[PDB]
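**Student:** Protein sequences, first through last, are from chains A and B. What the first sequence shows, in the entry's author numbering, is residues -3 to -1, 1 to 153, in sequence order. What the second sequence shows, in the entry's author numbering, is residues -3 to -1, 1 to 153, in sequence order. Virtual Cβ for every residue (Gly too), placed ideally from N, Cα, C. One structure is given below, represented as structure tokens, and several questions about it will come after.
There are 2 protein chains.
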Amino acid sequence: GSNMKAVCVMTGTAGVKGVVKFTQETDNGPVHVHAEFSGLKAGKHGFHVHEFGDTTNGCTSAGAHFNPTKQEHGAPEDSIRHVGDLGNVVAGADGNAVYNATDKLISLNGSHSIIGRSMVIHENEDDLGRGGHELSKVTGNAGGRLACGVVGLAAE
Amino acid sequence: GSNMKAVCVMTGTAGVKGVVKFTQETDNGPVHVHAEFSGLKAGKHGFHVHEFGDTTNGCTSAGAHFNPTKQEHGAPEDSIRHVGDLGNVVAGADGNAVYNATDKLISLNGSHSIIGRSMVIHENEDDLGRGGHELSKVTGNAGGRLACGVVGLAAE
Ligand SMILES: [Cu+2]
Ligand SMILES: [Cu+2]
Ligand SMILES: [Zn+2]
Ligand SMILES: [Zn+2]
């Protein structure tokens, strides 16, 4: 009675799309994340899991960053971060991007489960809460939402 | 926690799309299902919860009907049915459809939770296992999958 794989197809109306795959060996163990994108402008783009798996009104209805530990916005590596903080996806000159990471806070089970929630890639770079701006400690000052998608359970 | 709201945006490459909204006021209470579709052929269309929230490969990876109680396919009102069996959506002459129902098998919490799974609307009518076809007791012989979507948690 525990999930070990999840998938997320991300679309929008900006010419940006991608797919994210998650695998979790144990109930509370780390989660391996792998995403692929196309149509992005060269550079870094904020990448986080939002609280709602609702995409009825673009990516706006997805709400804010999944934050069950009630912390401020940070980098994946920080102790003080939103469970949903996954940092930046890097796109090359061709507009394509490959993202890989192993995270210990997100999960496919329990209270920190992202199943049924949304992944969102932003237009600007996530300053990881260090930018010294108004939204730095809240969203990373990453701006608009290019694409998003609900996170669904994947086959064994 | 406990989820009281859920949503599912359904798309595909058959010109069919829709939005499903779920409401469960108490963790073990009945689930109110509301759905709207456009682009459908006049008549009935199988409407079920499939096991995987995997929509890649044009709904072909969604899996079989969500069947945790290991029973055969039936109508929503039958004592014998898959948890995921929600019957048929009825499209009017214009191709639009409105669906409303209260179900007691599906849930937004627990082992019968449909969060992170897929909603699928079919090409043809679900014979509710009364069609006399081998596929009747498995899929209702509803035909191809026109559109599907992952069930996500919604603001409550
Ligand atoms: Cu975000
Ligand atoms: Cu089905
Ligand atoms: Zn954050
Ligand atoms: Zn069924």
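Is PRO73 (chain A) near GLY60 (chain A), with beta carbons less than 8 Å apart?
**Tutor:** On the first sequence, residue 73 (chain A) is found 76 positions in, with the first residue counted as 1. On the first sequence, residue 60 (chain A) is found 63 positions in, with the first residue counted as 1. Contact flag unset, no.
**Student:** Using a Cβ-Cβ cut-off of 6 Å (strictly less than) and excluding sequence neighbours within five positions of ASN97 (chain A), which residues of its own chain qualify?
**Tutor:** As a first step, residue 97 (chain A) must be located in the first sequence, where it is residue number 100. Once the five neighbours on either side are set aside, the close Cβ partners of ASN97 (chain A) are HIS31.
**Student:** Which residues, taken in chain order from the stretch 96 to 121 of chain A, show a beta carbon closer than 8 Å to some beta carbon of chain B?
**Tutor:** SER108, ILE112, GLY113, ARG114 and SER115
**Student:** Give the range of the beta strand (DSSP E) segment to which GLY15 (chain B) is assigned.
**Tutor:** Reading the second sequence from its first residue, position 18 is the one you call residue 15 (chain B). From DSSP, the beta strand (DSSP E) with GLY15 (chain B) extends over 14 to 20.
**Student:** Anyone know if the C-beta pair for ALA94 (chain A) and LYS38 (chain A) falls short of 8 Å?
**Tutor:** As a position in the first sequence, residue 94 (chain A) is number 97, starting the count at 1. As a position in the first sequence, residue 38 (chain A) is number 41, starting the count at 1. Contact: no.
**Student:** Count the other C-beta atoms from every protein chain shown that fall within 10 angstroms of the C-beta of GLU131 (chain B), then say buried if there are 16 or more, exposed otherwise.
**Tutor:** Looking up residue 131 (chain B) in the second sequence gives position 134. By the 10 Å Cβ count, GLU131 (chain B) comes out exposed.
**Student:** When you compare the CB positions of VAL16 (chain A) and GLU33 (chain A), do they come within less than 8 Å of one another, or not?
**Tutor:** Translated into positions along the first sequence, residue 16 (chain A) becomes position 19. Translated into positions along the first sequence, residue 33 (chain A) becomes position 36. Yes, Cβ-Cβ distance for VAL16 (chain A) and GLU33 (chain A) is below 8 Å.
**Student:** Would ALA151 (chain B) count as contacting chain A if we go by Cβ distances under 8 Å?
**Tutor:** Within the second sequence, residue 151 (chain B) is the residue found at index 154, counting from 1. Taking 8 Å as the threshold, the shortest C-beta distance from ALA151 (chain B) to chain A falls below it.
**Student:** As a quick exercise: from A:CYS145, A:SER35, A:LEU125 and A:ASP100, pick the residue whose alpha carbon is nearest that of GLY113 (chain A).
**Tutor:** One-based indexing of the first sequence puts residue 113 (chain A) at position 116. Cα-wise, what sits closest to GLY113 (chain A) is A:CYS145.
**Student:** Between the Cα of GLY40 (chain B) and the Cα atoms of B:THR136, B:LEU125, B:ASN121 and B:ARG78, which residue gives the shortest distance?
**Tutor:** Numbered from 1 along the second sequence, position 43 holds the residue referred to as residue 40 (chain B). The residue with the shortest Cα to Cα distance from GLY40 (chain B) is B:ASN121.
**Student:** With distances taken between CB atoms, is the gap from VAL117 (chain A) to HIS45 (chain A) smaller than 8 Å?
**Tutor:** Numbered from 1 along the first sequence, position 120 holds the residue referred to as residue 117 (chain A). Numbered from 1 along the first sequence, position 48 holds the residue referred to as residue 45 (chain A). Their beta carbons are under 8 Å apart, which means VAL117 (chain A) touches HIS45 (chain A) by this criterion.
**Student:** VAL80 (chain A) and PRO65 (chain A) - do their beta-carbons sit closer together than 8 Å?
**Tutor:** The residue given as residue 65 (chain A) occupies position 68 in the first sequence. The residue given as residue 80 (chain A) occupies position 83 in the first sequence. Yes, these two residues count as a Cβ contact at 8 Å.
**Student:** What span of residues does the beta strand (DSSP E) with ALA94 (chain B) cover, start to end?
**Tutor:** Counting from one through the second sequence, the residue named residue 94 (chain B) turns up at place 97. Here the beta strand (DSSP E) through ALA94 (chain B) covers 94 to 100.
**Student:** Which residue from B:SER35, B:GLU22, B:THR23 and B:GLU153 puts its Cα closest to that of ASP91 (chain B)?
**Tutor:** By 1-based counting over the second sequence, the position of residue 91 (chain B) is 94. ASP91 (chain B) has its Cα closest to that of B:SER35, out of B:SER35, B:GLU22, B:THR23 and B:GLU153.
**Student:** Is there a Cβ from chain B that is less than 8 Å from the Cβ of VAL148 (chain A)?
**Tutor:** Numbered from its first residue, the first sequence carries residue 148 (chain A) at position 151. With 8 Å as the cut-off, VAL148 (chain A) counts as an interface residue toward chain B.
**Student:** List in chain order the residues whose CB is within less than 5 Å of at least one heavy atom of ligand 1.
**Tutor:** Any residue whose Cβ sits closer than 5 Å to a heavy atom of ligand 1 makes the list: A:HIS45 and A:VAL117.
**Student:** With DSSP run on the structure shown, which of helix, strand or coil describes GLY107 (chain B)?
**Tutor:** Position 110 of the second sequence, counting from 1, holds the residue named residue 107 (chain B). Here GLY107 (chain B) sits in helix by DSSP.
**Student:** Per DSSP, which one or two residues make a beta bridge with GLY71 (chain A)?
**Tutor:** In the first sequence, the residue the question calls residue 71 (chain A) occupies position 74. Answer is none; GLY71 (chain A) lacks a bridge partner.
**Student:** Given the structure, does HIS79 (chain A) come close to ligand 3, in the sense that its CB is under 7 Å from one of the ligand's heavy atoms?
**Tutor:** Taking the first residue of the first sequence as position 1, residue 79 (chain A) is located at position 82. Under cutoff, so the answer is yes.
**Student:** Report the residue from A:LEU125, A:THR53 and A:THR23 whose alpha carbon sits nearest the alpha carbon of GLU69 (chain A).
**Tutor:** Within the first sequence, numbered from 1, the residue matching residue 69 (chain A) stands at position 72. Checked all of A:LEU125, A:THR53 and A:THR23; the closest Cα to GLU69 (chain A) is A:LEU125.
**Student:** Measuring only from the beta carbon, is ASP75 (chain A) closer than 7 Å to any heavy atom that is part of ligand 3?
**Tutor:** Translated into the one-based positions of the first sequence, residue 75 (chain A) becomes position 78. Result no, Cβ not under 7 Å from ligand 3.
**Student:** Does any heavy atom of ligand 2 sit closer than 7 Å to the C-beta of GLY43 (chain B)?
**Tutor:** Residue numbering aside, residue 43 (chain B) sits at position 46 when the second sequence is read from its first letter. Yes, the Cβ of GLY43 (chain B) comes within 7 Å of a heavy atom of ligand 2.
**Student:** Locate the beta strand (DSSP E) running through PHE34 (chain A), then write down its first and last residues.
**Tutor:** One-based indexing of the first sequence puts residue 34 (chain A) at position 37. Element bounds for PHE34 (chain A): 28 to 35.
**Student:** From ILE111 (chain A) to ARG127 (chain B), what distance separates their C-alpha atoms?
**Tutor:** Mapped onto the first sequence, residue 111 (chain A) falls at position 114. Mapped onto the second sequence, residue 127 (chain B) falls at position 130. One C-alpha to the other measures close to 39 Å.
**Student:** Determine the DSSP secondary structure at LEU143 (chain A), reduced to helix, strand or coil.
**Tutor:** As a working mapping, residue 143 (chain A) is identified with position 146 in the first sequence. Three-state result, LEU143 (chain A): strand.
**Student:** Indicate whether at least one CB of chain A lies closer than 8 Å to the CB of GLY60 (chain B).
**Tutor:** Locating residue 60 (chain B) in the second sequence gives position 63, counting from the first residue. So, interface residue.
**Student:** Could you name the residues that DSSP lists as bridge partners for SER115 (chain A)?
**Tutor:** Here residue 115 (chain A) corresponds to residue number 118 of the first sequence, with the count starting at 1. Paired residues: A:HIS47 and A:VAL147.
**Student:** Which same chain residues, not among the five before or five after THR52 (chain A), have their C-beta less than 8 Å away from its C-beta?
**Tutor:** Along the first sequence, one-based indexing puts residue 52 (chain A) at 55. For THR52 (chain A), where only same-chain residues beyond five positions count, the Cβ hits under 8 Å are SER58, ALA59, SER115, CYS145, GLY146 and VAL147.
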